[PDB]
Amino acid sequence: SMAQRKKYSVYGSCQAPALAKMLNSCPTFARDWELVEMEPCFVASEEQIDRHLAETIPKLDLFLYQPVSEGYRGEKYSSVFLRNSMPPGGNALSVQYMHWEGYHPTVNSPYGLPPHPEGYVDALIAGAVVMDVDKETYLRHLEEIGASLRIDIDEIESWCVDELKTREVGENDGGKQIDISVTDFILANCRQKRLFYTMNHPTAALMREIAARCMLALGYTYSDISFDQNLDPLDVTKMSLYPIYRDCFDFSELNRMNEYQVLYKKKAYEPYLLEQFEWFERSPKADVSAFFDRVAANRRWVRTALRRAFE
């Protein structure tokens, strides 16, 4: 019934609690399923993950999860190890980890550098710092950078799709193919609808879409699927598209590059980008260079933009 709904959990990145929130907002889903919450992979403590292996997972009818490698934090947090503890007759369905750099091709997260309080940094700025390009020069060249990215938009999108398709194979989930994905949807809609606020924070529209695919995988009909349209669980931070590049997107509005939102606060694009320079200049140059090299290695358009703007 209702006090006798089946039990499910959602484990994975920050997208996992967001997906549970979205699913719970569908009355037909909520009629059948009761959430038992699991902390996501980046925050679960050892005590918490131990408890979930012992007490949560063996009681689930459904484990919706994103692939998480053993190398991330250890076996205990890995999707292979967690799903192994499911009871007989339980169902474990993998859900795509949604990552897409196509709106903000200059943005990534620190590797080998201190964590940034906002979680994201502009990697092209890191390259400029290494190249001894001054912050004022960079700010005067935003259009040249955006023009380069615009010329390269198809290459960028092709790579973004390939990264998702490669991950569908599930190497970080013991070689199990990902059950539930939205790759074709993302490519087909990305220029028409804003699908990501940051590379790994889907907007409401994308969260609804993936939640819908989960419901289809569970055997619900298309007509069963409806969500709270006001839910936008990953809206904390909103990266701004660069000038010129932004005009490739149907939704693009204000001010020659929009303000950023970071941790729910608005920040004008000029001070935001100047502060990125200041942040990188605090770290050892060798480490900033290692970071930029790591980002640029498989992202041709990044070095191309730096060269076209600053050579």
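Numbers for residues come from their place in the sequence shown, where the first is 1.
S.K.: Using the B-factors recorded in the PDB entry, average over the C-alpha atoms of 248-256 and of 53-61, then report which stretch comes out higher.
M.R.: Looking at the record's C-alpha B-factors, the answer is 248-256.
S.K.: Going by the mean C-alpha B-factor recorded in the entry, which is higher: 65-73 or 29-37?
M.R.: According to the entry, 29-37 carries the higher average C-alpha B-factor.
S.K.: Of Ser94, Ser148, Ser78, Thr221, which one's C-alpha B factor is largest in the deposited record?
M.R.: Each of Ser94, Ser148, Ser78, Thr221 was compared by C-alpha B-factor; the highest is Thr221.
S.K.: In terms of CA temperature factor as recorded, identify the highest of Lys135, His104, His201, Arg208.
M.R.: Within the set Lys135, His104, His201, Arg208, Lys135 shows the top C-alpha B-factor.
S.K.: Looking at the temperature factor on the CA atom of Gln15, which third of the chain's modelled residues does it land in?
M.R.: For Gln15, whose C-alpha B-factor we compare with every modelled residue in the chain, the answer is the lowest third.
S.K.: Check where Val182 lands among this chain's C-alpha B-factors and tell me if it's the lowest, middle or highest third.
M.R.: According to the entry, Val182 has a C-alpha B-factor in the chain's lowest third.
S.K.: Which third of the chain holds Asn84 when residues are ordered by C-alpha B factor: lowest, middle or highest?
M.R.: Highest third of the chain for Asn84's C-alpha B-factor.
S.K.: Among the modelled residues of this chain, does the Cα B factor of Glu118 put it in the lowest, middle or highest third?
M.R.: Top third by C-alpha B-factor.
S.K.: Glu144's Cα B-factor: lowest, middle or highest third of the chain?
M.R.: According to the entry, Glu144 has a C-alpha B-factor in the chain's middle third.
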